[PDB]
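Asks: Below is a structure I'd like to ask you about.
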Amino acid sequence: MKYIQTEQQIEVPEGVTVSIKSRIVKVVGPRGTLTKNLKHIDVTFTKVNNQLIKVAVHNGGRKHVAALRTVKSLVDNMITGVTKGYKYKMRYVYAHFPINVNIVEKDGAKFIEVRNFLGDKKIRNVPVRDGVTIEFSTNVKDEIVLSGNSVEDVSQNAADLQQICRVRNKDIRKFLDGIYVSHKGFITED
RNA sequence: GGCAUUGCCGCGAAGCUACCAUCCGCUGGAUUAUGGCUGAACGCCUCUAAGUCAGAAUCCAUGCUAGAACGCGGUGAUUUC
Ligand SMILES: [Mg+2]
Ligand SMILES: [Mg+2]
Ligand SMILES: [Mg+2]
Ligand SMILES: [Mg+2]
Ligand SMILES: [Mg+2]
Ligand SMILES: [Mg+2]
Ligand SMILES: [Mg+2]
Ligand SMILES: [Mg+2]
Ligand SMILES: [Mg+2]
Ligand SMILES: [Mg+2]
């Protein structure tokens, strides 16, 4: 319909420096730093008062101003990931064969190996994305916690660890076996 | 020794040859289908719209064959008593 001017509202908390050049966003907070390259969107960022940044689309169609809230959510995810962090908790689900998941070291690359998935002799290796740290929960049975600054890195590494444990040639409604995301949340949240 | 249009029989080196004999037949990337991540549109949801992950005997390379006789390069020597 070619909307005149659409606005979204990125709120910047304390301790967080959101420095935006052309369309390269750099968010520095207590937990670290994150950099996004939003050069594929055609939006305009304006800082209001050091706690608020507007992002705007001028003369945008429906598919263009659909990407404005995506951009606002992406920079909000950067801000949330460098303030509170991100923490995805996965559970191992098996029927008979226990899934033995360890973290292994292969010429300095930090894989997660999965052995005995449905009695396979195949060792399923999932590399750990940089920024993502892996721990295995004590006092919660069969839980792996992937945490980091980037929701994209953390959630894609969790998705990789899930997708490596897919069941082939079987009814997957009965063979419900794998590693699944049971929780998405933050590191220091209350 | 000759001739029998290589006279015939047995063995027969060399050469040629046989899945009738042996040897050899490479591994990276990009993808489709599909399953996903982040995520709006549509305050929710959503693999999709922006962005992105994995992935077929596919595709393109690595490898292999020919080398443009009007594609190119490096280098040697370049004529007399
Ligand atoms: Mg069957
Ligand atoms: Mg005669
Ligand atoms: Mg004779
Ligand atoms: Mg043959
Ligand atoms: Mg989602
Ligand atoms: Mg797709
Ligand atoms: Mg797309
Ligand atoms: Mg890929
Ligand atoms: Mg290669
Ligand atoms: Mg030639």
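Following the order of the structure tokens, chains are lettered A, B, ..., residues in each are numbered from 1, and ligands are numbered from 1.
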From the DSSP assignment of the backbone, select every residue of chain A that is alpha helix (DSSP H), and format the answer as a CSV table (one decimal) with N, CA, C and O atoms, in the first residue's frame.
Replies:
chain,number,residue,atom,x,y,z
A,62,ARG,N,4.4,-4.0,1.8
A,62,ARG,CA,4.1,-4.9,2.9
A,62,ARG,C,5.3,-5.9,3.2
A,62,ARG,O,5.6,-6.1,4.3
A,63,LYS,N,5.9,-6.4,2.1
A,63,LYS,CA,7.1,-7.3,2.3
A,63,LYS,C,8.3,-6.5,2.8
A,63,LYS,O,9.2,-7.1,3.4
A,64,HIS,N,8.4,-5.2,2.6
A,64,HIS,CA,9.5,-4.4,3.2
A,64,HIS,C,9.3,-4.1,4.6
A,64,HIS,O,10.2,-4.2,5.4
A,65,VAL,N,8.1,-3.6,5.0
A,65,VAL,CA,7.8,-3.3,6.4
A,65,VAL,C,7.6,-4.5,7.2
A,65,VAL,O,7.5,-4.4,8.5
A,66,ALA,N,7.4,-5.7,6.6
A,66,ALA,CA,7.5,-7.0,7.4
A,66,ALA,C,8.9,-7.2,7.9
A,66,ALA,O,9.0,-7.8,9.0
A,67,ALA,N,9.9,-6.8,7.2
A,67,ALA,CA,11.3,-6.9,7.6
A,67,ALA,C,11.7,-5.9,8.7
A,67,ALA,O,12.8,-6.1,9.3
A,68,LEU,N,10.9,-4.9,8.9
A,68,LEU,CA,11.3,-3.9,9.9
A,68,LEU,C,11.2,-4.5,11.3
A,68,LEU,O,12.0,-4.3,12.2
A,69,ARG,N,10.1,-5.2,11.6
A,69,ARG,CA,9.9,-5.8,12.9
A,69,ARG,C,10.9,-7.0,13.1
A,69,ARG,O,11.3,-7.3,14.2
A,70,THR,N,11.3,-7.7,12.0
A,70,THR,CA,12.3,-8.6,12.0
A,70,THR,C,13.7,-8.0,12.5
A,70,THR,O,14.4,-8.6,13.3
A,71,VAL,N,14.0,-6.8,11.9
A,71,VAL,CA,15.2,-6.1,12.3
A,71,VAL,C,15.2,-5.7,13.7
A,71,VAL,O,16.2,-5.8,14.5
A,72,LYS,N,14.0,-5.2,14.2
A,72,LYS,CA,13.9,-4.8,15.6
A,72,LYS,C,14.0,-5.9,16.5
A,72,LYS,O,14.7,-5.8,17.5
A,73,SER,N,13.5,-7.1,16.2
A,73,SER,CA,13.6,-8.3,17.0
A,73,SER,C,15.1,-8.8,16.9
A,73,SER,O,15.5,-9.4,17.9
A,74,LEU,N,15.8,-8.7,15.8
A,74,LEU,CA,17.2,-9.1,15.7
A,74,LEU,C,18.1,-8.3,16.6
A,74,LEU,O,18.9,-8.9,17.3
A,75,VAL,N,17.9,-7.0,16.6
A,75,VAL,CA,18.7,-6.1,17.5
A,75,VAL,C,18.3,-6.3,18.9
A,75,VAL,O,19.2,-6.2,19.8
A,76,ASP,N,17.0,-6.6,19.2
A,76,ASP,CA,16.6,-6.9,20.5
A,76,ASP,C,17.2,-8.2,21.0
A,76,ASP,O,17.5,-8.4,22.2
A,77,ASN,N,17.3,-9.2,20.1
A,77,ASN,CA,17.9,-10.4,20.5
A,77,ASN,C,19.4,-10.3,20.7
A,77,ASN,O,20.0,-11.0,21.6
A,78,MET,N,20.1,-9.4,20.0
A,78,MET,CA,21.5,-9.1,20.3
A,78,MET,C,21.6,-8.5,21.7
A,78,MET,O,22.5,-8.9,22.5
A,79,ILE,N,20.7,-7.5,22.0
A,79,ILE,CA,20.7,-6.8,23.3
A,79,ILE,C,20.4,-7.8,24.4
A,79,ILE,O,21.1,-7.8,25.5
A,80,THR,N,19.4,-8.7,24.2
A,80,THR,CA,19.1,-9.6,25.2
A,80,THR,C,20.2,-10.7,25.4
A,80,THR,O,20.4,-11.1,26.5
A,81,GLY,N,20.8,-11.1,24.3
A,81,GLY,CA,21.9,-12.0,24.4
A,81,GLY,C,23.2,-11.5,25.0
A,81,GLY,O,24.0,-12.3,25.5
A,82,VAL,N,23.4,-10.2,25.0
A,82,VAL,CA,24.6,-9.7,25.7
A,82,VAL,C,24.2,-9.1,27.1
A,82,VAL,O,25.2,-8.7,27.8
A,83,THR,N,23.0,-9.0,27.4
A,83,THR,CA,22.6,-8.7,28.8
A,83,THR,C,22.4,-10.0,29.6
A,83,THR,O,23.1,-10.3,30.6
A,151,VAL,N,21.7,-15.9,20.1
A,151,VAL,CA,20.5,-16.8,20.0
A,151,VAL,C,20.6,-17.7,18.7
A,151,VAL,O,20.2,-18.8,18.7
A,152,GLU,N,21.1,-17.1,17.6
A,152,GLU,CA,21.3,-17.8,16.4
A,152,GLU,C,22.3,-18.9,16.5
A,152,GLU,O,22.0,-20.1,16.1
A,153,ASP,N,23.4,-18.7,17.1
A,153,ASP,CA,24.5,-19.7,17.3
A,153,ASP,C,24.0,-20.8,18.2
A,153,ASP,O,24.2,-22.0,17.9
A,154,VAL,N,23.4,-20.4,19.3
A,154,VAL,CA,23.0,-21.3,20.4
A,154,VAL,C,21.9,-22.2,19.8
A,154,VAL,O,21.9,-23.4,20.0
A,155,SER,N,20.9,-21.6,19.2
A,155,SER,CA,19.7,-22.3,18.7
A,155,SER,C,20.0,-23.2,17.5
A,155,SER,O,19.5,-24.2,17.3
A,156,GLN,N,21.0,-22.7,16.7
A,156,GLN,CA,21.4,-23.6,15.6
A,156,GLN,C,22.3,-24.7,16.0
A,156,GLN,O,22.2,-25.8,15.4
A,157,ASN,N,23.1,-24.5,17.1
A,157,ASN,CA,23.9,-25.7,17.5
A,157,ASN,C,23.0,-26.7,18.3
A,157,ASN,O,23.2,-27.9,18.1
A,158,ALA,N,22.0,-26.2,19.0
A,158,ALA,CA,20.9,-27.1,19.5
A,158,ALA,C,20.2,-27.8,18.4
A,158,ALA,O,19.9,-29.0,18.5
A,159,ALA,N,19.8,-27.1,17.4
A,159,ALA,CA,19.1,-27.7,16.2
A,159,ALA,C,20.0,-28.7,15.5
A,159,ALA,O,19.5,-29.8,15.1
A,160,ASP,N,21.3,-28.5,15.4
A,160,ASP,CA,22.2,-29.4,14.8
A,160,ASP,C,22.3,-30.7,15.6
A,160,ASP,O,22.3,-31.8,15.1
A,161,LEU,N,22.4,-30.6,17.0
A,161,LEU,CA,22.5,-31.7,17.8
A,161,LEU,C,21.2,-32.5,17.8
A,161,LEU,O,21.2,-33.7,18.0
A,162,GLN,N,20.0,-31.8,17.6
A,162,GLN,CA,18.8,-32.5,17.4
A,162,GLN,C,18.8,-33.3,16.1
A,162,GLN,O,18.4,-34.4,16.0
A,163,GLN,N,19.1,-32.6,15.0
A,163,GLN,CA,19.0,-33.1,13.6
A,163,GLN,C,20.0,-34.2,13.3
A,163,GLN,O,19.8,-35.0,12.4
Asks: Using only C-alpha atoms (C1' of nucleotides), which protein or nucleic acid residues come within 8 Å of residue 89 (chain A)? Drop anything in the same chain fewer than 6 positions from it, and give the result as a ChimeraX atom specification.
Replies: /A:143-146,181-184
Asks: Collect all residues with atoms no farther than 12 Å from ligand 4, counting only C-alpha atoms (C1' of nucleotides) and all ligand atoms, and output them as a list in words.
Replies: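 The neighbouring residues of ligand 4 are, in order, residues 18, 19, 21, 22, 23, 24 and 25 of chain B.
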Asks: Check every protein, DNA and RNA residue against ligand 8, keep those with an atom at most 8 Å away (counting only C-alpha atoms (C1' of nucleotides) and all ligand atoms), and present them as JSON, numbers by chain.
Replies: {"B": [53, 54, 55]}
Asks: Can you pull out every residue within 10 Å of residue 26 (chain B), counting only C-alpha atoms (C1' of nucleotides), but drop anything in the same chain fewer than 3 positions away, and send it as a ChimeraX atom specification?
Replies: /B:62-64
Asks: Got a sec to pull out which chain B residues are within 10 Å of chain A, counting only C-alpha atoms (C1' of nucleotides), and send them as an MDAnalysis selection string?
Replies: chainID B and resid 35:41 49:54
Asks: Distance limit 9 Å, reference ligand 3, atoms considered: only C-alpha atoms (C1' of nucleotides) and all ligand atoms. Which residues make the cut? Give them as a PyMOL selection string.
Replies: chain B and resi 2-4+6-7
Asks: Check every protein, DNA and RNA residue against ligand 1, keep those with an atom at most 9 Å away (counting only C-alpha atoms (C1' of nucleotides) and all ligand atoms), and present them as a PyMOL selection string.
Replies: chain A and resi 169-171
Asks: For ligand 6, collect every residue having any atom at a distance of at most 9 Å from a ligand atom (counting only C-alpha atoms (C1' of nucleotides) and all ligand atoms); output as a PyMOL selection string.
Replies: chain B and resi 34+47-48
Asks: Now that the selection is made, can you save its residues with C-alpha atoms (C1' of nucleotides) as a PDB file, in the first residue's frame?
Replies:
ATOM      1  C1'   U B  34      13.081 -32.779   2.791  1.00  0.00           C
ATOM      2  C1'   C B  47      11.582 -23.401   7.691  1.00  0.00           C
ATOM      3  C1'   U B  48      10.556 -17.714   4.652  1.00  0.00           C
TER       4        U B  48
END
Asks: Using only C-alpha atoms, which residue out of A:16, A:123, A:118, A:27 lies closest to residue 94 (chain A)?
Replies: A:118
Asks: Considering only strand (DSSP E) as DSSP defines it on the backbone, what residues of region 10-154 of chain A qualify? List them as JSON, numbers by chain.
Replies: {"A": [10, 11, 17, 18, 19, 20, 24, 25, 26, 27, 28, 33, 34, 35, 36, 37, 44, 45, 46, 47, 52, 53, 54, 55, 56, 57, 58, 59, 60, 86, 87, 88, 89, 90, 91, 92, 93, 100, 101, 102, 103, 104, 111, 112, 113, 114, 115, 124, 125, 126, 127, 133, 134, 135, 136, 143, 144, 145, 146, 147, 148]}
Asks: Please write out the residues within 8 Å of ligand 10 as a count of residues only, counting only C-alpha atoms (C1' of nucleotides) and all ligand atoms.
Replies: 4
